[PDB]
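The next block holds one structure in the form of structure tokens; read it before the comments.
Convention: sequence-line order gives letters A, B, ...; per-chain numbering from 1. Remember, it's 1-based here, ligands and their atoms both numbered in the order they're listed. Just so it is clear, the values below take in all heavy atoms, side chains as well, and ignore hydrogens, waters and symmetry mates.
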Amino acid sequence: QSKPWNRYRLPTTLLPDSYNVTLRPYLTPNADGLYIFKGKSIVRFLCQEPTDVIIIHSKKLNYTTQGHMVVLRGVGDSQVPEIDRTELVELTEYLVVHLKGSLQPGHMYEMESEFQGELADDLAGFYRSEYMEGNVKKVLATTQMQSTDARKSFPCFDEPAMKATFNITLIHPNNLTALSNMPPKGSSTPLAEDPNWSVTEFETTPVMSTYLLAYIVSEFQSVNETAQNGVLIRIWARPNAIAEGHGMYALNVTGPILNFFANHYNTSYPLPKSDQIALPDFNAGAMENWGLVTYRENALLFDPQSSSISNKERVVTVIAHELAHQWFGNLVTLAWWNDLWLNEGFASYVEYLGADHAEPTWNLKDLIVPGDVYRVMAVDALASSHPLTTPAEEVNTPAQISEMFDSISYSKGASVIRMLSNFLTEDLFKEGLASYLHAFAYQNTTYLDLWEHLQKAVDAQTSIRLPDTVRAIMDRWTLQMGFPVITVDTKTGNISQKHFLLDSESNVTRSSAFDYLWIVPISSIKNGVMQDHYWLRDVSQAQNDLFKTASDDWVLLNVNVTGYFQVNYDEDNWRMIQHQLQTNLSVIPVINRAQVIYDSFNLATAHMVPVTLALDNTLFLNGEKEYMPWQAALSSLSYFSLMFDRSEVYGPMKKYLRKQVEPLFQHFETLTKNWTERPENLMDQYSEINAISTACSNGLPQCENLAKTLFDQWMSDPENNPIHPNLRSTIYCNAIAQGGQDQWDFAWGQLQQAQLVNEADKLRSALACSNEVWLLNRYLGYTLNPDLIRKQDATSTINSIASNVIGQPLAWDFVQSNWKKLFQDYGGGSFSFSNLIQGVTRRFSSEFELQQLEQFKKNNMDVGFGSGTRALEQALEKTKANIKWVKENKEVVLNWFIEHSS
Amino acid sequence: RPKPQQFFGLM
Ligand SMILES: *[C@@H]1O[C@H](CO)[C@@H](O[C@@H]2O[C@H](CO)[C@@H](O[C@@H]3O[C@H](CO)[C@@H](O)[C@H](O)[C@H]3NC(C)=O)[C@H](O)[C@H]2NC(C)=O)[C@H](O)[C@H]1NC(C)=O
Ligand SMILES: *[C@@H]1O[C@H](CO)[C@@H](O[C@@H]2O[C@H](CO)[C@@H](O[C@@H]3O[C@H](CO)[C@@H](O)[C@H](O)[C@H]3NC(C)=O)[C@H](O)[C@H]2NC(C)=O)[C@H](O)[C@H]1NC(C)=O
Ligand SMILES: *[C@@H]1O[C@H](CO)[C@@H](O[C@@H]2O[C@H](CO)[C@@H](O[C@@H]3O[C@H](CO)[C@@H](O)[C@H](O)[C@H]3NC(C)=O)[C@H](O)[C@H]2NC(C)=O)[C@H](O)[C@H]1NC(C)=O
Ligand SMILES: *[C@@H]1O[C@H](CO)[C@@H](O[C@@H]2O[C@H](CO)[C@@H](O)[C@H](O)[C@H]2NC(C)=O)[C@H](O)[C@H]1NC(C)=O
Ligand SMILES: *[C@@H]1O[C@H](CO)[C@@H](O[C@@H]2O[C@H](CO)[C@@H](O)[C@H](O)[C@H]2NC(C)=O)[C@H](O)[C@H]1NC(C)=O
Ligand SMILES: *[C@@H]1O[C@H](CO)[C@@H](O[C@@H]2O[C@H](CO)[C@@H](O)[C@H](O)[C@H]2NC(C)=O)[C@H](O)[C@H]1NC(C)=O
Ligand SMILES: *[C@@H]1O[C@H](CO)[C@@H](O[C@@H]2O[C@H](CO)[C@@H](O)[C@H](O)[C@H]2NC(C)=O)[C@H](O)[C@H]1NC(C)=O
Ligand SMILES: *[C@@H]1O[C@H](CO)[C@@H](O[C@@H]2O[C@H](CO)[C@@H](O)[C@H](O)[C@H]2NC(C)=O)[C@H](O)[C@H]1NC(C)=O
Ligand SMILES: *[C@@H]1O[C@H](CO)[C@@H](O[C@@H]2O[C@H](CO)[C@@H](O)[C@H](O)[C@H]2NC(C)=O)[C@H](O)[C@H]1NC(C)=O
Ligand SMILES: *[C@@H]1O[C@H](CO)[C@@H](O)[C@H](O)[C@H]1NC(C)=O
Ligand SMILES: *[C@@H]1O[C@H](CO)[C@@H](O)[C@H](O)[C@H]1NC(C)=O
Ligand SMILES: [Zn+2]
């Protein structure tokens with residue numbers, strides 16, 4: 001019989017009711033350089049079943065409580081047993097209070113403690129963040145509880161289902177602002193023991209999870225809006241960022257987004273206020289703390305003067321994502337981390353819906369397809385993938401919990417939920433969603449609860465008919481990994497499904513309860529006209545006339561790629577599709593014009609179509625003005641460039657892409673009035689960005705001319721940059737590529753004086769575009785100088801140099817020679833040896849290069865590889881795959897490009 | 001924690 005304090009899950013014998021927590025960060029170090037926080041807490045809990053032990057979470061806390069580590073009292077007139085002893089059990093992160101008698105069912109108890117911890121710069125629990133304002137190093141205190149770190153700030157029953165109300169008090173320097181989940185109760189009062197400090201009490205939280213608590217002490221200022229319903233909206237940031245107006249876009253979109261969600265969810269925003277705060281270098285990206293959402297600065301702030309349209313899109317979607325959680329996740333909370341995919345998957349889908357509401361002309365909802373669907377299919381088409389669902393009993397330790405937060409959980413989660421909403425219809429999905437939120441408000445759920453409420457909505461109507469229960473259908477998409485390729489023979493209308501793997505030689509060893517068969521919702525378009533919807537049942541092969549064609553007709557499946565699968569056709573149908581796109585592309589929805597490209601390249605990788613069929617699918621692009629299909633092609637061809645840009649294949653490839661993109665360049669040349677004014681909507685701006693990128697990188701003289709002229713103009717007047725932020729990355733790069741040390745030194749100067757990270761990033765990247773060996777070598781010589789290149793930017797810069805075909809050997813020589821820097825940078829910040837190894841060896845595709853990677857590895861004796869260990873093994877494995885791919889594809893691909901470049 | 005995801009992704 002194992003002791004309960006040696007088990008990772010808490011007993012269910014005691015449940016929390018409410019907590020008082022007072023925290024006091026000390027933002028001045030103790031002279032040895034240690035920063036601490038002090039705290040005091042009282043938790044009131046109810047005894048459900050008799051027990052003589054209290055087990056509560058505690059991590060890295062020292063107790064200063066009088067007597068034992070806690071004091072234990074009865075609520076009202078309840079008696080309390082005496083404490084035998086208190087002990088900390090570090091492995092399972094518990095404070096354990098052994099009692100001399102048993103607590104009694106139905107009785108409430110209050111347990112008080114006093115404690116302190118390090119206010120470490122570790123982004124965990126209550127922690128410190130250091131940044132610069134002019135001459136001064138500033139330090140603030142802030143929180144990150146996600147997932148199991150509330151217990152690092154105060155002792156608590158730190159599991160998400162164990163909800164309670166929280167009364168937070170902050171004790172802080174009197175000239176700093178204190179924020180938490182709720183509004184402050186009133187004005188701060190001076191601390192009696194030292195009036196240099198103030199005390200800020202916050203209103204009681206709703207019933208809520210520990211992982212969603214937040215409290216922050218800083219010098220931050222805000223911009224504000226009061227919504228019509230009295231809800232106060234604030235964006236918080238560094239005083240200088242606020243003063244420059246960088247919080248305005250976030251402020252602009254927040255009101256509309258909250259309004260969208262209240263309506264979408266049929267549920268009022270559950271808090272009196274909304275704070276969002278931009279933190280410098282918040283590595284977690286963003287965190288949905290209820291009423292006080294934290295973001296890295298570059299995710300929330302926006303500078304219209306220097307930021308591109310893609311920055312704007314990042315802000316509105318990141319906001320919509322975190323605000324989505326203020327209902328789904330925070331109001332109704334998944335009972336355990338094994339169901340994290342539902343929470344993050346749901347937010348990862350509806351972020352597009354929320355953002356679309358704020359920017360209705362942007363067609364943002366489309367972006368889930370390239371952004372999430374095809375992104376996650378890359379890793380879900382591997383034998384090494386995993387199902388969305390995990391048994392709760394397999395997820396116990398904080399490490400196992402962290403593993404829940406991956407591409408599958410977020411992106412496949414979003415994909416399958418989007419598929420679900422689509423086959424139910426949004427109206428029906430929303431009914432079940434509202435029912436679910438209403439039923440479980442301030443409580444906890446599993447994914448089965450959502451399915452049940454969606455089933456109730458289906459059962460209450462007669463229009464939408466499903467081939468099975470919602471649960472049975474969704475089980476196919478959640479209980480087994482991967483997805484099917486749907487293959488259609490249009491001569492017969494025969495339709496088949498099989499588990500899709502990119503590696504046709506791969507062995508799947510993870511068994512499925514369903515033998516890798518799905519229940520698949522299949523929409524289709526025939527000759528541009530929508531057909532009746534179809535469901536492929538759990539069978540390998542079926543037949544339907546919907547998918548049978550005449551000689552001159554065509555069919556296309558999975559309209560707008562709402563379904564989580566890829567489609568293959570017989571060659572005849574592929575040609576009819578190709579013919580349609582060649583003569584009138586408008587007949588096929590833009591998303592599907594992209595899908596044809598995405599799927600065919602994947603199918604070619606899997607040896608299900610010849611690579612030439614996939615390349616044939618790019619032929620229509622000379623008449624394509626829209627973003628997504630061009631994006632599909634560029635994404636699919638980046639590997640081709642990577643394998644071939646040092647070979648005889650490259651000339652014909654460059655020429656072919658010049659032929660394809662020249663008309664688009666011409667189109668935008670006129671549309672933009674000689675480049676003086678951007679296209680109006682987001683998609684058209686993205687298309688222009690990619691068009692100029694593709695034209696210049698493939699050597700279109702007109703683009704090269706544009707880049708030289710603008711950069712010359714900039715050099716003639718450094719303070720007035722004539723290059724629109726959307727075009728900076730391309731214009732900078734191509735101009736530095738054309739020029740020498742004059743263009744290089746100018747951009748270097750601009751980089752050194754750059755006040756803004758995103759602009760500094762563009763400049764750093766563009767400096768790697770030089771075609772002068774001596775410049776790229778000198779530049780490599782800077783990457784390790786922290787006065788010239790930030791340590792956190794070093795590997796990125798080397799990678800950018802490696803990406804330059806000329807820089808490739810230079811960077812590889814640099815990494816080998818200076819690998820004697822692992823013992824200077826496994827302790828001096830991470831560095832990321834893993835990402836650096838992958839970037840520099842990315843191109844390797846020959847036996848000779850494999851020999852060099854092996855010979856470099858022959859320094860196994862000492863120094864090792866660190867966090868890049870086995871990333872080095874990944875590189876050796878990938879090189880082998882590349883060798884095999886180039887050998888199989890070189891001849892066929894060379895001839896295709898030659899043939900189709902006029 | 002925050003993920004929208006960057007809008008490329010394709011193997
Ligand atoms: C969690 O924190 C709460 C906020 O501090 C505590 O509630 C407060 O308790 C105070 C006294 O313990 C009350 O303040 C005043 O104290 C004088 C002492 O001289 C009393 O006589 C008065 O009753 C009281 N003043 C008034 C106007 O009633 C606060 O009233 C009270 N605040 C509330 C209820 O919002 C909780 O006690 C604390 N929880 C635990 C378990 O200790
Ligand atoms: C929680 O309690 C821990 C154990 O008491 C503390 O960790 C200890 O910190 C001590 C003081 O900083 C260290 O001991 C010695 O301290 C003196 C004076 O600062 C130094 O001259 C010595 O070099 C130092 N000794 C050593 C070996 O470094 C200990 O390092 C350390 N002890 C242990 C067992 O880890 C935590 O500091 C404390 N945390 C908080 C937030 O209060
Ligand atoms: C947050 O929302 C605000 C209100 O919608 C936006 O304010 C708008 O800013 C626009 C860009 O600066 C202005 O457009 C034009 O600016 C030029 C440059 O000076 C002028 O020639 C034009 O006269 C002017 N607009 C018009 C319609 O003539 C808008 O004036 C202004 N709109 C309003 C209603 O005040 C903010 O831009 C927005 N912030 C962000 C970052 O998006
Ligand atoms: C946190 O503050 C709230 C609000 O003041 C406290 O709620 C009160 O609790 C007492 C004792 O159980 C009740 O008699 C009152 O009815 C409650 N008031 C309200 C408005 O709900 C709560 O007890 C506090 N938490 C702790 C741990 O003391
Ligand atoms: C809050 O008060 C503190 C202390 O008076 C200020 O911190 C000092 O700021 C000056 C620069 O103005 C520095 O030279 C000192 O080193 C700081 N002292 C300490 C102990 O850190 C702080 O600037 C004030 N902040 C605001 C927003 O008013
Ligand atoms: C949630 O949805 C319900 C049901 O649709 C809303 O109630 C309806 O509101 C409209 C507003 O004009 C009325 O015409 C209907 O008669 C109402 N239906 C019912 C059954 O009451 C409700 O307003 C929504 N609530 C929130 C908080 O968004
Ligand atoms: C986790 O969630 C469930 C609901 O899904 C909670 O159980 C409900 O509790 C409420 C309020 O006491 C009751 O009215 C319901 O009848 C319960 N529903 C059930 C048992 O299905 C449960 O309390 C939550 N767990 C914790 C630890 O709070
Ligand atoms: C389409 O599917 C049908 C089966 O439903 C295939 O036709 C069958 O072929 C086998 C060959 O052994 C015969 O024994 C069956 O009697 C046939 N069934 C018929 C004619 O109804 C057909 O080959 C498939 N065509 C494809 C995949 O292109
Ligand atoms: C496929 O996606 C497109 C968007 O890419 C959808 O087109 C939108 O349709 C709605 C309703 O008909 C309109 O309000 C929008 O203005 C359309 N946008 C564009 C850019 O055309 C289309 O509805 C989707 N097709 C299907 C069958 O769902
Ligand atoms: C899969 O198993 C077969 C044995 O039938 C083997 O030939 C092959 O190398 C294995 N792995 C891969 C990646 O193909
Ligand atoms: C092509 O098809 C679109 C969509 O049906 C139609 O609006 C357009 O008139 C057609 N264009 C030509 C040149 O036939
Ligand atoms: Zn999220």
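- With no hydrogens or angles considered, a side-chain donor-acceptor pair links A:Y63 and A:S58 at under 3.5 Å.
- Taking a cut-off of under 4.0 Å to the non-hydrogen atoms of A:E110, the atoms of ligand 1 that pass are 41 (C).
- Remark: atom 5 (O) of ligand 11 lies closer than 4.0 Å to no protein heavy atom.
- Looking at A:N568, A:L557, A:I522 one by one, the single match for side chain to side chain contact (heavy atoms under 4.5 Å, CB included) with A:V488 turns out to be A:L557.
- In terms of N/O distances under 3.5 Å, ligand 10 is not approached by A:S506.
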Handout entry: From CA spacing to verdict: side-chain hydrogen bond (donor to acceptor under 3.5 Å, both in side chains), A:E82, A:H68
Key = CA-CA 11 Å; A:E82 287 168 1; A:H68 299 274; over 6 Å; no
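- Inside a 4.0 Å radius of atom 17 (C) of ligand 1 there is not any protein heavy atom.
- Nearest non-hydrogen protein atom to atom 42 (O) of ligand 1 is A:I42 CD1, 3.5 Å.
- Of all protein heavy atoms, the one lying nearest to atom 5 (O) of ligand 1 is A:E201 OE1, 4.1 Å.
- For atom 35 (O) of ligand 1, the closest non-hydrogen atom of the protein is A:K185 NZ, 3.9 Å.
- Residue contacts with ligand 11: A:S586 is placed with no nitrogen or oxygen under 3.5 Å of a nitrogen or oxygen of the ligand (distance criterion only).
- Per-atom contact check: atom 24 (C) of ligand 1 does not touch the protein, criterion being a heavy-atom distance below 4.0 Å.
- Side-chain N/O atoms of A:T361 and A:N681 include no donor and acceptor closer than 3.5 Å.
- In this structure, atom 8 (C) of ligand 1 has its sub-4.0 angstrom surroundings free of protein heavy atoms.
- The aromatic rings of A:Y215 and A:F154 sit tilted, their planes meeting at an angle between 30° and 60°.
- Distance remark: protein heavy atom not present below 4.0 angstrom from atom 13 (C) of ligand 11.
- If you check which protein heavy atom lies closest to atom 37 (O) of ligand 1, you get A:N20 ND2, 4.9 Å.
- In this structure the side chain of A:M145 reaches within 4.5 angstrom of the side chain of A:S153, judged on heavy atoms.
- Between the side chains of A:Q566 and A:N602, at least one donor N or O lies within less than 3.5 Å of an accepting N or O.
- For the pair A:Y109 and A:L14, the minimum side-chain heavy-atom distance is 4.5 Å or more.
- When the heavy-atom distances from atom 3 (C) of ligand 10 to A:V508, A:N507, A:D503, A:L501 are ranked, the shortest goes to A:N507.
- Within the 4.0 Å cut-off (strictly below), a protein heavy atom is located near atom 40 (C) of ligand 1.
- In this structure, atom 1 (C) of ligand 1 is in close contact with the protein, since a protein heavy atom lies within 4.0 Å of it.
- Ring planes of A:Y94 and A:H57: tilted class, angle from 30 to 60°.
- For atom 30 (O) of ligand 1, the nearest protein heavy atom lies 4.0 Å or farther away.
- Taking a distance limit of 4.0 Å, we find that atom 10 (C) of ligand 10 is approached by some protein heavy atom.
- Between A:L271 and A:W290, some side-chain heavy-atom pair lies under the 4.5 Å cut-off.
- The heavy atom nearest to atom 1 (C) of ligand 11, out of those in A:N584, A:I588, A:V587, is found in A:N584.
- Within the 3.5 Å criterion, the main-chain N or O of A:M628 finds no donor-acceptor partner in the side chain of A:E626.
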